[PDB]
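# Structural characterization, general
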Amino acid sequence: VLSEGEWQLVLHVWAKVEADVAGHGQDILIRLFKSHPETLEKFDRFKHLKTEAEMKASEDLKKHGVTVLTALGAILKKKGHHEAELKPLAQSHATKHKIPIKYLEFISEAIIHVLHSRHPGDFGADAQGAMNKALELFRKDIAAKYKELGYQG
Ligand code: HEM
């Protein structure tokens, strides 16, 4: 359970992200795919991209980055009361996209790296710790739905 003070830190940096959703989403997916190449293989849509320059040039990758960050933003702004938003996401990522919880850890590390790069004055250690807690709460709740469905592994 995050405290109100921890949520305020999370949402204050998140408000900065919402000024350039697409730029952040590109940086976060490119970092995920470079750091953890197994993740790129889950996207039939992107598995043709072989270089960071090709990733940066892909408008369809930039579009998906916006989709991802808009869904994450809607979850964060619920401050934990996010059951309605997580249900469908867990369901599609377990049963259709086949994404292991570990890959949600990896994309959480990529988000935190990008926020620190782009927003260092609003992403000191207090805020990094709070964002880490928010993203762990996301993963915990998705993992419980995966387990329900037979995918926690
Ligand atoms: C913060 C974490 C994430 C969020 C909020 C998120 C969000 C979304 C949303 C909103 C969609 C489209 C609606 C749907 O299918 O449910 C989607 C699609 C998808 N996601 Fe995620 N996602 C996340 C992490 C991941 C990770 C880590 C992977 C792979 C490693 C992944 C793989 C996919 C795939 C393969 C699709 C379908 C893309 C396509 O072919 O159109 N997601 N995601």
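Residues numbered from 1 in each chain as written, not as in the entry; some residues may be left out. Heavy atoms only, no water.

Determination of this PDB entry was carried out by X-ray crystallography to a resolution of 1.210 Å, according to the record.

### As for the UniProt feature "binding site: nitrite" in the protein chain
Definition in use: UniProt positions are given in the numbering used here, feature names are shortened, and annotations may be inferred rather than shown by experiment. Counting from the N terminus, the helices are the DSSP runs of H or I reaching at least four residues and the strands are the DSSP runs of E reaching at least two. Relative accessible area decides the class of each residue, using a 1.4 Å probe on protein chains only: under 20% of the type maximum gives buried, over 50% gives exposed, and in between gives partly exposed. In this analysis, two residues are considered to be in contact whenever any of their non-hydrogen atoms come within 4.5 Å of each other.
If you check UniProt for "binding site: nitrite", the listed places come out as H64 in our numbering. Counting through the fold element by element, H64 comes out in helix α5 (residues 59-76). Looking at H64, the relative accessible area reads 16%, which means it is buried. Those residues in contact with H64, other than ones at most four positions away along the chain, are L29, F43, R45 and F46.

### Re the coordination of the iron atom of the ligand
Rule in force here: Here a donor is an N, O or S atom found within 2.8 Å of the metal, or within 3.2 Å if the metal is Na, K or Ca; sites may look incomplete because water is not among the atoms.
Protein coordination of the iron atom of the ligand is limited to a single donor, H93 (NE2), which sits 2.1 Å from the metal. Tracing the chain through its elements places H93 in helix α6 (residues 83-95).

### A short note on the site of the ligand
Selection criterion: We call a residue near a molecule or strand whenever a single non-hydrogen atom of that residue lies within 4 Å of it. A 3.5 Å cut-off defines polar contacts: any pair of N or O atoms within that distance qualifies, except that in protein one atom must be a possible hydrogen donor and the other a possible acceptor, and neighbouring residues in sequence count only when both atoms are side-chain atoms. Under this grouping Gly is polar, as are all residues other than the nonpolar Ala, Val, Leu, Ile, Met, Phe, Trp, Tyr, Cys and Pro and the charged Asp, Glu, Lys and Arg.
Within the structure, the ligand sits among 18 residues, and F43, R45, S92, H93 and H97 are positioned closest to it. Residue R45 places a side-chain N or O atom 3.0 Å away from an oxygen atom belonging to the ligand. Measuring from an oxygen atom of the ligand, one finds a side-chain N or O atom of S92 at 2.6 Å. Listing elements by their share of the shell around the ligand, those giving two or more residues are α5, α6 and α7 (101-118). Looking at the shell around the ligand element by element, the count peaks at five residues for α5. Split into classes, the residues belonging to the shell around the ligand amount to ten nonpolar, six polar and two charged.

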